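Q: Fold the following and give me the result.
(4 chains, ligands or ions: 1)
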Amino acid sequence: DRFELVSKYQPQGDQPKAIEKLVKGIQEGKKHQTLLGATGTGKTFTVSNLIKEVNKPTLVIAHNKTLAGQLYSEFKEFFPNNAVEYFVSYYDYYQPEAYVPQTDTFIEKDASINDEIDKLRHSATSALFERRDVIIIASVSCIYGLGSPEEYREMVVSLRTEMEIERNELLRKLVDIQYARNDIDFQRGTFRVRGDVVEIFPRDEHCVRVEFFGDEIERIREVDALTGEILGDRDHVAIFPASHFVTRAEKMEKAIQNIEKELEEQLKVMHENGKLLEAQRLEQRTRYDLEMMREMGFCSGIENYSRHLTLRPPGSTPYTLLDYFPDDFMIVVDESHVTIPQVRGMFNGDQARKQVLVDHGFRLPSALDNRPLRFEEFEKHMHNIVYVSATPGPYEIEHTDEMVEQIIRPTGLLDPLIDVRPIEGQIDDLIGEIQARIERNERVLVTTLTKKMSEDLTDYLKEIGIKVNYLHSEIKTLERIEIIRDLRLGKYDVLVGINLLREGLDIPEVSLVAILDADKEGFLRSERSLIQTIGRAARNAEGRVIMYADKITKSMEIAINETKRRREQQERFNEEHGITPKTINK
Amino acid sequence: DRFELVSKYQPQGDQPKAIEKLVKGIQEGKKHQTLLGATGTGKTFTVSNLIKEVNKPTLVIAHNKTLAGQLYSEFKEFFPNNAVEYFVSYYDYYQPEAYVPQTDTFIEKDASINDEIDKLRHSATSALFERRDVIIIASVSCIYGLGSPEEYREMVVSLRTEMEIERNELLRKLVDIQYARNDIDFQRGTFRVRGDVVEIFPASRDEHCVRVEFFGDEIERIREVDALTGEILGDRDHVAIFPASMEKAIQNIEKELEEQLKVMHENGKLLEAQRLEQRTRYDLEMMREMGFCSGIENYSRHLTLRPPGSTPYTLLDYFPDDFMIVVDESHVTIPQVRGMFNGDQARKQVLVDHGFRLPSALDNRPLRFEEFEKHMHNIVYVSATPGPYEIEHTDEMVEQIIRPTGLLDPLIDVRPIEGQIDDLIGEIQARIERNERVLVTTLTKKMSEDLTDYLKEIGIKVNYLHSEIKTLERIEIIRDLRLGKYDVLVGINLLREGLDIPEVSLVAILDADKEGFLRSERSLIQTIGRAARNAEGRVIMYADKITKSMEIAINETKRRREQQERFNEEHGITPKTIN
DNA sequence: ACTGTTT
DNA sequence: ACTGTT
Ligand SMILES: Nc1ncnc2c1ncn2[C@@H]1O[C@H](COP(=O)(O)OP(=O)(O)O)[C@@H](O)[C@H]1O
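A: Numbers count the residues shown, from 1 in each chain, chains lettered A, B, ... in the order given. Take a look at the structure below.
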């Protein structure tokens, strides 16, 4: 069971030295490692080479779904005959249940499930049991609560051809996973028994037809529900529960008894504290949910009662995707300096929101037990970890003994030239630079601190006659795609906005980045943000960065210096190999 | 009030003659009118001119949401100080309830509402009551069932600044909709009552609050509040509260059910009769308790106490008697509109036949085309290739063929099927050298998949377009083709939005004589148009026979290319590909 | 063809 | 900043 890397290309630039150093690290027993990979060096390809050499089930963590999406595409292209999986949240929209004490307002949980993503998540989890050649591209959804791996093996009806099973036990195993029997009104969530045939109906109007020989599964075939076309014949099939939670029916009565025991104890507490309104709200909400459970078996926000339903002790650590991975497994953190604080921050935020709900009698204290992992908990799972970032964070720096630099680009393209200009005459100067780039058919990206500052420059630039677009803080993964497209094609020559660190703004047509108020206090003015902003001008052979500031900040100095370092190393390699860099590549 | 058209540009080419002829038509009492506007002539502005001159509440119908979207943007730019509204379906996902007799399979209705679209629809409907300077860009959703505009006036709490209303009456008007009073647990669907203040937590996802400050019996101020922050999102002058979301109706359904049960039994349809009682009786108990049930829409005719057979209330009823309708791509929209009713009835009839629904379910339906025709006061069909309906109803056509850019309709060369590919290959190879792109149309997916695989073997950067492609995949594919990632596009349907790109200098119609929908007179004219954004735009038709369809297309192009060439002579214009 | 469509 | 979130 080995990873087969399918590429026409071979490692160029400093990818060979990087792979050798990172594979030796894993072999030598090094846990924490960091790849300092500049943008344009082929980070994914280096990683793919490492994944192949080390041959270990891997987990790729991305700080956003857009980035995760691209990585999945990139990895599926390199490993077509291996298990490349995608594990992200199945909610298309998720408004968590919350209380705003600031205004005495209660926000009910409102969410919408994407069934395609749910199918993908199932492909991912079940793949970890089948084979060792697995790569899972995931978001922070990998540190959130999931069922016990043993519980997963039990709650999934897996059927193979020529398998010995009594038609009647199959039915029991199906009812056990929330399916009903309906030979009269056949639909999603139900199964029907025609002859020596069981038809199972689990979105996507598809259904499994199991033909029985006597006590042996004679044949298994997929059918289109809307047409009745025999869509294809199968050898294996895994039926998943009809519900979105579906609790184990047996262990449910003790759980209801345990909640009532916690509720009574919490009421004596709230009363012997004078919190009477909160105590009234708690009884009303809890007692309702318990009656909904006794009747249906489910209730809205049943997840809050999770600790009691699994009969697990208080304080207990949740089961996560990380538990479905073997002891000997690798983790690769993309944009580590972003992901690490994100991962670290999910527990604190979750507890913060849930604590206010507890304090005001909306939920019992056991609600806090249904949570993502503590960073300490996540750390206990790190077997072999590789942090990937162009600007690694403090955590990665403290844990990596030696950095693994990958700064040389295959195209030979260099990191930009930074010129620092005064704030007095900022705009007129920038205007002249923008005007000059239009003449040369090049594009400009400008950053501000305030949205107001940004809108004002857009309105003035539009008055002069410059084709401009202002980037809003909240932009959809289409408005983005369209905006990058139009700037590339030339519908816009300049882009204004706070935050150029959005995906895909690294365009070959951009020859100038202008950082207005470079010396001012702001997140996007930090050493790391500046280095990342500078990188937006590096896809161009004549790439330049202009910093408008009166003072040179420690942040600016570091950024200016790191760029000098890299630009020099690259220029020295271009001398030794006789290369002249050319813009949009090839 | 009047429509104020805000444009920096003035009508060029044949736009002035078009506007004059179309405005005179409305004034002279016409009836039905058609605007034969070629792609690239600025049809929307001609329409905007007409909308301003005639000054009448208007409805724009588009055959797809993408096209509807662009038109809304275009109209919002021209009338910024008027009511430009968007009315399309609020469902992000809709699987209608259906039965598959071929396999005895029942498909439950599964839906998922887009709240932003719902807000937009409400802005549209309520705007029609407030002002006469309204333009509504809509899809076929405008011929589907809606509440009586009268029932709307009653079931919507509309509040204005000075106003004057009893604080207590406002509460009654809120409870009368579906609002509960909760000062203890304030949340979605409830109202509060603080001091001389009423805080209302509306319907969904925005997570906003309406704070009504009352000066004795006057509405002193109405201001929007961020529920998640407590932040005062902005001050308002008008606000419309929508519902949080009968006995005679329940009695009437039971009366229809009993009558339908005697019928079914007498015909021996016992399984269907069991299914009907079970389903109906359940829904009626759900209605007596809650007031709602899943699929309550099916009972709509009984709930409005209207007679059987009755025509539904539509967006068209909210418009004044004196109103205008503008049909974009009429040769596409008209058949669409006309086809709605037939499909709906077909699906609902099978459900009725098998005892899933009562026969009154058919009364909850879109409009009949005959019904829609009875609403036409002043109608303007806009199309580059008008359909038979528009042709039969328009007395005189209003042509707008002259482009401001001077760009001409392509040159069509007809080549034999024998040597089809080698010839096409040579033409594609030649365009790569000149940095131009190619679009190829086949009939079957085999021919399409097969040419892509062979062109990729030769070394041509190609992409095959799937029959099923999402809006993002479309936008991306075109983008990549413009930027040069691919030099050629292969596929069945080239009539997809935005496929007419300035970089494309060649359209190749493989099996041009082979007869299918996309080989019809009209389809060919639209396919030809994909090469008209280029100054050296050429079309190659691979066929052995010249079909009536081909002749018409070839001739209309000759006509339009000649008129344009003659205009370019008289005004001394040299066309340039604008990229 | 392909998109539209169910207070 | 901005995105994550059986
Ligand atoms: N040695 C190589 N030869 C050719 N292409 C390569 C090589 N290494 C990487 N690539 C490709 O170069 C592209 C650009 O690199 P980059 O923008 O840094 O993306 P990433 O870091 O995600 O791989 C990617 O499509 C990648 O697959």
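
Q: So residue A:234 sits against residue A:211, correct?
A: No: Residue A:234 is beyond contact range of residue A:211, at 11.3 Å (criterion: Cβ atoms under 8 Å). No exception for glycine: its C-beta is placed from N, CA and C like everyone else's.

Q: Now for whichever residue of the stretch 401-550 of chain A sits closest to chain B: which residues touch it?
A: Nearest to chain B, among the residues of the stretch 401-550 of chain A, is residue A:485, at 4.9 Å (Cβ to the nearest Cβ). Residues in contact with residue A:485 (Cβ atoms under 8 Å, 6 or more residues apart in numbering or on different chains) are B:475, B:479.

Q: Now with 7 Å, please.
A: Counting by Cβ atoms under 7 Å, 6 or more residues apart in numbering or on different chains, residue A:485 touches residue B:479.

Q: what do you get for residue A:420?
A: Each residue near residue A:420 by Cβ under 7 Å, 6+ apart is listed here: A:547, A:549, A:552.

Q: Quick check: it is in a strand.
A: Yes: according to DSSP: H, G, I helix; E, B strand; the rest coil, residue A:420 belongs to a strand.

Q: In the sheet, which residues pair with it? Tell me.
A: With DSSP bridges as the criterion, residue A:420 is bridged to residue A:547.

Q: Relative to residue A:499, how far out is it?
A: Residue A:420 sits at a distance of 21 Å from residue A:499 (criterion: Cβ to Cβ, to the nearest Å).

Q: Residue A:60 too?
A: The spacing between residue A:60 and residue A:499, counted by Cβ to Cβ, is 25 Å.

Q: and residue A:283, how many neighbours?
A: Residue A:283 has 15 neighbours, counted by other Cβ atoms under 10 Å in any protein chain shown.

Q: which residues in the stretch 301-450 of chain A form helices?
A: Using DSSP state H, counting those that start in this stretch, the helices found in the stretch 301-450 of chain A span residues A:306-309, A:336-359, A:375-379, A:394-399, A:426-439.

Q: Pick the most buried one from those.
A: helix A:306-309 (a mean of 22; mean count of other Cβ atoms under 10 Å in any protein chain shown).

Q: List of residues touching it?
A: Applying Cβ under 7 Å, 6+ apart, the contact partners of helix A:306-309 are A:145, A:247, A:255, A:258, A:259, A:314, A:316, A:366, A:369, A:370.

Q: quick one, what contacts the residue most central in space within chain A?
A: In chain A, the residue lying closest to the centroid (Cα atoms, centre = their mean) is residue A:139, at 2.2 Å. Shown in contact with residue A:139 (Cβ under 7 Å, 6+ apart): A:62, A:65, A:68, A:88, A:89.

Q: ok so, going back, could you export the helices of the stretch 301-450 of chain A as CSV, including distance to residue A:412?
A: Below are the helices of the stretch 301-450 of chain A laid out as CSV (distance: least, Cβ to Cβ, whole Å):
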stretch, distance to residue A:412
helix A:306-309, 55
helix A:336-359, 26
helix A:375-379, 39
helix A:394-399, 28
helix A:426-439, 23
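
Q: mind checking which of these is nearest residue A:222?
A: Residue A:222 sits nearest to helix A:306-309 of all the helices of the stretch 301-450 of chain A, at 33.5 Å, using Cβ to Cβ.

Q: Do I have it right that residue A:121 meets residue A:89?
A: No: using Cβ atoms under 7 Å, residue A:121 is not in contact with residue A:89, being 8.8 Å away.

Q: which of these two has more neighbours?
A: A count of neighbours by other Cβ under 10 Å puts residue A:121 above the other of residue A:121 and residue A:89, at 21 against 18.

Q: for that one, what are its contacts?
A: Residues near residue A:121 by Cβ under 7 Å, 6+ apart: A:87, A:90.

Q: Mind doing that once more with 8 Å?
A: The neighbourhood of residue A:121, defined by Cβ under 8 Å, 6+ apart, consists of A:86, A:87, A:88, A:90.

Q: So which bits of whatever helix or strand it lives in are buried?
A: Per DSSP states H and E, residue A:121 falls inside helix A:115-130. Buried residues in helix A:115-130, counted by 16 or more other Cβ atoms under 10 Å in any protein chain shown: A:117, A:118, A:120, A:121, A:122, A:124, A:125, A:126, A:127, A:128.

Q: and if you look at stretch A:280-296?
A: Under the neighbour-count criterion of 16+ other Cβ under 10 Å, stretch A:280-296 has A:281, A:282, A:285, A:286, A:289, A:290, A:293 buried.

Q: same thing with stretch A:180-194?
A: The neighbour-count check on stretch A:180-194 (16+ other Cβ under 10 Å) flags A:185, A:186, A:187, A:188, A:190, A:191, A:192, A:193 as buried.

Q: Stretch A:566-577 too?
A: In terms of neighbour count (16+ other Cβ under 10 Å), stretch A:566-577 has its buried residues at A:566, A:567, A:569, A:570, A:573, A:574.

Q: so which helix or strand takes in the second one?
A: With elements delineated by DSSP H and E, residue A:567 resides in helix A:554-576, which encompasses its position.

Q: That helix and DNA strand D in contact?
A: No: taking Cβ under 7 Å from any atom of the strand as the criterion, helix A:554-576 and DNA strand D are apart, separated by no less than 14.3 Å.

Q: ok, for the closest residue to DNA strand C within chain A, nearest residue in space, not its chain neighbours?
A: DNA strand C sits closest to residue A:226 of chain A, with a gap of 12.1 Å, by Cβ to the nearest atom of the strand. Leaving aside its sequence neighbours, residue A:226 sits nearest to residue A:205 (Cβ to Cβ, 6 or more residues apart in numbering or on different chains; 4.9 Å).

Q: shouldn't the one you found be in contact with residue A:228?
A: No: between residue A:205 and residue A:228 no contact is recorded; they are 10.6 Å apart, counting by Cβ under 8 Å.

Q: Please identify which of these two sits among more neighbours.
A: Using other Cβ under 10 Å, the more surrounded residue of residue A:205 and residue A:228 is residue A:205, with 18 against 15.

Q: That one: what's it in contact with?
A: By Cβ under 8 Å, 6+ apart, the residues touching residue A:205 are A:224, A:225, A:226, B:95, B:107.

Q: Tell me the spacing between it and the ligand.
A: 37 Å (Cβ to the nearest ligand atom, to the nearest Å).

Q: Contact partners for the residue lying farthest from the centre of chain A?
A: Most distant from the centre of chain A: residue A:214, at 46.9 Å, with distances by Cα atoms, centre = their mean. Contact analysis of residue A:214 by Cβ under 8 Å, 6+ apart lists residue A:196.
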